[PDB]
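Written below as structure tokens is the structure these notes are about.
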Amino acid sequence: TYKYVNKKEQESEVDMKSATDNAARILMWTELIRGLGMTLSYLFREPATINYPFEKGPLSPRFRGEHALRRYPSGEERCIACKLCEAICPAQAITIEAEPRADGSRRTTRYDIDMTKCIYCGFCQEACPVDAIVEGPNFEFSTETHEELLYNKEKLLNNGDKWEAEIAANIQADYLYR
Amino acid sequence: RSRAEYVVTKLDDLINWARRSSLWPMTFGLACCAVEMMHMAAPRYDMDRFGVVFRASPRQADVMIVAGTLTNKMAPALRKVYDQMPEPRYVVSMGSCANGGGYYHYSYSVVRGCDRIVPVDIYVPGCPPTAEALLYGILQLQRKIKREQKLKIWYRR
Amino acid sequence: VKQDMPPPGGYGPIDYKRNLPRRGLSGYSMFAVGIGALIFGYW
Amino acid sequence: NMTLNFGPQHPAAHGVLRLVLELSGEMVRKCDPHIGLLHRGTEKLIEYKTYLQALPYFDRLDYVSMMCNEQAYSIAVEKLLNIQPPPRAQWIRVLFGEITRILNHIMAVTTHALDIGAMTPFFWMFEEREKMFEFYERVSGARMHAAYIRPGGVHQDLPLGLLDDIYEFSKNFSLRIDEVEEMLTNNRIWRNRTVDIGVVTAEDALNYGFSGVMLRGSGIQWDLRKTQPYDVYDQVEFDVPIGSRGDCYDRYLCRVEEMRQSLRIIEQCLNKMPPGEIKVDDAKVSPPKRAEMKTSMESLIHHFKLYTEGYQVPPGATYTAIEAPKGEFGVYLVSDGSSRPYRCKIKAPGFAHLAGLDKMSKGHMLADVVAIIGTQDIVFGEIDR
Amino acid sequence: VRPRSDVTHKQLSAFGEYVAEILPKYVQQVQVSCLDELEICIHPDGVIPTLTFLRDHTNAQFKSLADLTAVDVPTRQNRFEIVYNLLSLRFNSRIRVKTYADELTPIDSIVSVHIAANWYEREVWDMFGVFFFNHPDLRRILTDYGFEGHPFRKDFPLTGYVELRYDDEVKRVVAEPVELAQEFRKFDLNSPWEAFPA
Amino acid sequence: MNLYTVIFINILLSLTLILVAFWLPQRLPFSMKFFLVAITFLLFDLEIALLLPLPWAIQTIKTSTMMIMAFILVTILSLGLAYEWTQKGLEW
Amino acid sequence: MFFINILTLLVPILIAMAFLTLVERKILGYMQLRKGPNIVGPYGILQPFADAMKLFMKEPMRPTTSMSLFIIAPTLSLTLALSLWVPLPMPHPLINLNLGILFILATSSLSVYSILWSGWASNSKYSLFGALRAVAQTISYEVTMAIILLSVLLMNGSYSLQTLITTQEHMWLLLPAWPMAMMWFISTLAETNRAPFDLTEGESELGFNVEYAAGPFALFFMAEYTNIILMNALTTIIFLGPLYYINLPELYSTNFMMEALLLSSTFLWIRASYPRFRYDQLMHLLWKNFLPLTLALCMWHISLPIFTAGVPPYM
Amino acid sequence: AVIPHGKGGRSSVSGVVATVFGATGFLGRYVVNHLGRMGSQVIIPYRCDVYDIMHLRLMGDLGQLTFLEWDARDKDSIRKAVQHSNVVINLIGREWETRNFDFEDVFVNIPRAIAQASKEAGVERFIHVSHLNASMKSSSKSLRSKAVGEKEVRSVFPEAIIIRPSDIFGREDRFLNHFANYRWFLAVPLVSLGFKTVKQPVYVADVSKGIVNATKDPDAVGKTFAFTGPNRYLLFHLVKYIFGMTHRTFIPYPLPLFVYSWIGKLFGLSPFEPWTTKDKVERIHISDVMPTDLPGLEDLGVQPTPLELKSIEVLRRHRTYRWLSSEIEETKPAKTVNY
Ligand SMILES: NC(=O)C1=CN([C@@H]2O[C@H](COP(=O)(O)OP(=O)(O)OC[C@H]3O[C@@H](n4cnc5c(N)ncnc54)[C@H](OP(=O)(O)O)[C@@H]3O)[C@@H](O)[C@H]2O)C=CC1
Ligand code: SF4
Ligand code: SF4
């Protein structure tokens, strides 16, 4: 099904009345005045902006935001170094090397997410079997120096501890969907 | 209070406030991060409110937001525009493509970061760094500009 | 069971066609206004 | 014709375009656009990545139409596997496919005006855009660059409540398009700077491979969505907005009309989206549900192999083209039996359109060039790839 | 499992024979994928002739060039596989004509047949190095102005050999041999087990 | 003098600004069309001159001659314009 | 005293000049669904002063140039614009000039140079062209601008702006001569390079500010906005005549205040509402659409007096 | 130590952790450049606000350049800077005795405390930089004071290399820009009409490369190298040559120094970085000493670079649009004076 836009169905022959109406349109800029009315109208509408520090634009539970590594309630970090979070990262951001901890458990000696390399796809959130690496809600982590953006296990684990309460609520809300 | 030190602390506080309140952003509009700021310029998160003007020519520009990948063909230009900006000048690197290479880090045509090309003041993280996130980064530039004490250093120099 | 779906009976109808209103004073009448101003103004 | 090297002056933007030009005073004699200021390697990088980890590249190829691009790779990978997405996923993709078209047109029409000099339409519609992004975020997690449309369907069902809001918005957006209109469609001045600028003949448009509104604006009737239906765009009913006297103004009117027609398609999708699953049930292609991978051995094995290694698409090659908002977006994906692709030339509606800048802007003023770059919706990501 | 209509695999198949018959001097192989897509294969010399017949034949009008690309099979003597995908708005069908070109054996240019190819042919030269005779203006499009090497060739390193940084001493951007701070981790992904006879 | 006083303050205010502004911080573009316009401009600018005394000339006792003269001037220049339009001039 | 009367009539205008940018960055805002600048100071009142201090502190790059034009030009733009407020007859003028409107027309004409000088002074061939656009349009629009005034004067009787207060004691000159008001308003929009007619600073870089940053940028800048007011104020004396009572002179200035602000608000409203015209589209209007209208209506204003026996009283 | 791995460019390792206290300087900028290029760990003590040291960030790689807040009067700041460095390079110097820092401080007092701590730390080597021809009796307080230092630091730090550069030629240098900037002055005073003060400039990079090479070579210990240059010059040709490339008239008019030392005193009174210095003036007319000494350039591995070769880049900013395109070939060379 098609539709002609800007196709004049027929040649309306000028009638004085028509001509006057048109000539008035050119002479007294009638349509231009129409446009001014629209903007005056909004001037009276409530502005949609938010006080950025005081009010925040709404983000729902799946917002990917900033990486964090979670821990079990007991206090044992969730990651067991299966290293498929490294395998599926599209940007090669996550670097993981592991060795059996003294307890005998499997754990990662080094877990480094290069956030400048990361493109926040959220697949790592997807891939983890124990769901140790999660996309945390915080988006405000702008840093003065490039090195700060590179994150080792201690920053991510600390990021995990700080935001665990909200991360748990967010995962709680969206897990049925996944 | 009465001390040549107090007068020189208050007056930079004045000079810093002027630069902080009116930052005109020059936006190298590479890739897509430029859109995530066109959203900052837009009504939900106005930037003008904060004194940041929508768009100013390079010559008139206090900050340079580098949004998007800096390829090896645009690098020679960014430096030119950074070099031609007026002296008081600051750079905000937006996007994992610009602060670091991001997806496309290992490409043969992408500079792995704009920090290699232009000195960078605030690095805003995120593939499309959210628009509040840029606004937080611009506000962090304002916190960095408040702390600067140029007059104090000249007095005790 | 519970999945996000259209409400029973379907949603209501949404307008897509242009609704620009052809609202204005007729041209002859318009001319008269300005002309009258001049005619009077001159007198 | 003193070369001015205009475009590194951020004058029409849409990316970074060095439009070296030779201008006898204010008349353009020849335009030789330069490209690659945003080449990043997207085509070579994909060869070194698995099918699912190359999906995020497609969102970045032309990111104003974030998802519609993802659908083209999806379709392509589904064809190679001879798998099809489940019924609900198809409707979703058409739902977010259209929402994305609006997003692109709001970008193209309002950014066109900002270069022309009208600035209030951009702020009016960027607020509506914003509201749409929020749909993306509440469905994918990201405002833009979602990664929601994956090769076997959508990633996760819509949140419980989105459809209702994609209604409230749709119920009103029209008036917003109407307003822009009262400001530009008939402005005594928009018409002038746009009418009879960059007229492209019908035969020439097909010859230079324009394939988009640019063809439709010249009166050629071709919407790959009606001619070669993809997903369930066949089950909906919409009217292609064909144009006559093709010129910047006519095509514009066409883009405002598809914004209108997409609201007609969105309405339907909300009215008729089926109950069902949003991803193929073949754990072979689609990753297993997390409850299943945490309780069933075959599901863990399928989760581990899918994320670590990949789909393992059967050897073959396909060119699948959809109707991305800009025009025909196609992926020629040659594939060996391996889990990572062999080639993935992205046909960008835009590589062809820019080329036409020369044959469109002839004997035109500096301001005309600015208007024509706008009427091609050039996103340098797709052109540079 | 995708729905497949054999109406197309029959229509397209027949057309293939029709093209082949009409252009037997160049058509080497004409196949229809299981995905209902035709792919006439032509000797490189048949570039001009086969395209022109498809652009201007009443029973096969293929007016627009969707794409021109060149896969690179390094094993294949003729490294590149120029592939031209065409669309027929009249018959709502697409066909692909693919030829083979080695590095220093140029292909003819079709800018005459379709001017769409003016840019894509420059793109193929820049990335793969195939040369197109009779091209109006062949010159690098996507790569940097001084780039050495053709990037999409399978034998070109992803990271490449040169990267750019600003040097104060010389106050100008300067290439240096690439030094990467985390090399691309080359995960081996192929499994040692096949899937089906194919 | 009163004007002189005002004007020198006016220059002083501007020179003050530029001075502080510089002290506080411590080839062939030619189109006959453009030349042609400048010319037309003066032909019109001169006419503006021959038309400027009209406020004093209104009070002239003649009146008939005044208008007869003024109408002829405006008409002959406008015809100049007319030929400018007719010719490629004014068509940039 | 006279000196005090120079502070007033200058500072007050400069302070008001600063508050126009603010009322521009908020009225454009609310029209575009955004608050505009309210965070610095209260409701953005300190916002104009803030950017002024940033601009002066930044390096006057002085980018390579002809130096004494990079400095003289900005000064001419501010000097002429602030100077043209010297004779405005807000109630009583400051320096009453018998040939006042010729002073305003002549002083405006001189500003076209600043554009020409700044464009030549930068060494960017681009700028050389950008200045050409403004310089050409300025003189062009000047030709209809002048003729429109000559029509007015002939119905006022003199060149002195003070006479119109006595001419408009019964009716605004808009009623009569409205057809020219519109044409004076559009020409006032061109001569202040405001939006509908703002090709300068257009696609060139969205011309004679290209190389101008910090203090030089500011001075023209200030000039433009003061002009924006002055020309609007001339509309509010010549065509919209504020009520004058000899017993209380300030209701004249009170209404002059109200009409000037509204017409100043109008060009702010015009800017947001309209796309910018093409370079030739702009000259096509003046030489084709307006100049024939103005020249003919000019003759009608030499005839209206005579045969309606209304020749205006000199003095 | 740090075994040197890599190919040689950025993102590689050379194993030189080096505190460099006066890096912000014209010479400094260059020292950090090579050290960063080589891949060395560079600690840059700074006192000026961060805004001014940004120019040093892009040099060197991530985590290769570390900036520390430091005050000369506060001994503790120097202490922590050299805590983990194994090479200390001292470029602290000024031409104008500032209100709160005297030539002694900038040259002898401070540069002592620094090396003193460096020893306490156990830094393998310290490189101290003092001006060329620096007698303990030289006229300019500056030169003499510098001489005083090179002695002292030897007692605080024995076997501490002491490179002694001549006035340096480089973009952003004074030697070349100062003269070129005499344009503002209608006449360009030249003591003895610019004669009998033969001068041998040395490119900044040569100096930098030399300095860097010192850091990575065992041959230099207690060595007092003298980077000099590839050709000497009577101040006359130098001045004119400069004006030559700048394409600005050259009007050599002799000025009795006794009066000129007074002119230096004048600008010297300037609060904001006096442009000329009484101590400068003397230095400028202080004849370059002869080259009989532990050789510097070449000896340390870099062949000096003639002035004319790169002069075009240093003096270009001073030309006018008319001469911008002009090139070195068009212009003439100056003449050397083996004297
Ligand atoms: N022509 C030349 O340049 C020659 C130089 N030399 C020697 O080489 C050295 C480097 O010269 P150059 O780079 O030109 O010198 P600069 O004038 O560039 O300053 C060098 C560094 O010293 C720092 N500095 C100066 N005074 C103090 C102080 N009181 N406290 C702390 N830091 C201070 C400065 O830091 P900040 O600016 O932050 O205060 C600056 O970064 C000098 O010491 C000089 O004696 C020798 C011969 C010729
Ligand atoms: S996947 Fe989850 S668990 Fe396995 S390694 Fe990555 S993070 Fe640790
Ligand atoms: S960072 Fe993510 S979003 Fe910003 S440009 Fe690179 S890819 Fe596009």
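Residue numbering: from 1, along the chain as shown.
When the header is checked for method, it gives electron microscopy, 3.1 Å.
Keep in mind that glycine also has a Cβ here, set from the backbone N, Cα and C atoms.
So that you can see what the record holds, here are the features copied from Swiss-Prot:
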- B:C32, B:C33, B:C97, B:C127: [4Fe-4S] cluster binding site (BINDING)
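Overlay of Swiss-Prot annotations on the structure.
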residue: B:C32; record: [4Fe-4S] cluster binding site; DSSP (3 states): coil
residue: B:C97; record: [4Fe-4S] cluster binding site; DSSP (3 states): coil
residue: B:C127; record: [4Fe-4S] cluster binding site; DSSP (3 states): coil
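In this view, B:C127 ([4Fe-4S] cluster binding site) is surrounded by 27 other Cβ atoms within 10 Å of its Cβ, with every protein chain counted. Non-local neighbourhood of B:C33 ([4Fe-4S] cluster binding site): B:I65, B:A67, B:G68, B:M94, B:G95, B:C97, B:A98, B:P128, B:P129, B:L134, each in the same chain, at least six residues away, with C-beta under 8 Å from its C-beta. Summarising the environment of B:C32 ([4Fe-4S] cluster binding site), the number of other Cβ atoms within 10 Å of its Cβ, over all protein chains shown, is 25. Filtering of the binding-site residues B:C32, B:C33, B:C127 by Cβ separation from chain A (threshold: under 8 Å) yields B:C127, ordered along the sequence.
Neighbours of B:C97 ([4Fe-4S] cluster binding site), defined as other CB atoms within 10 A of its CB across all chains, total 33.
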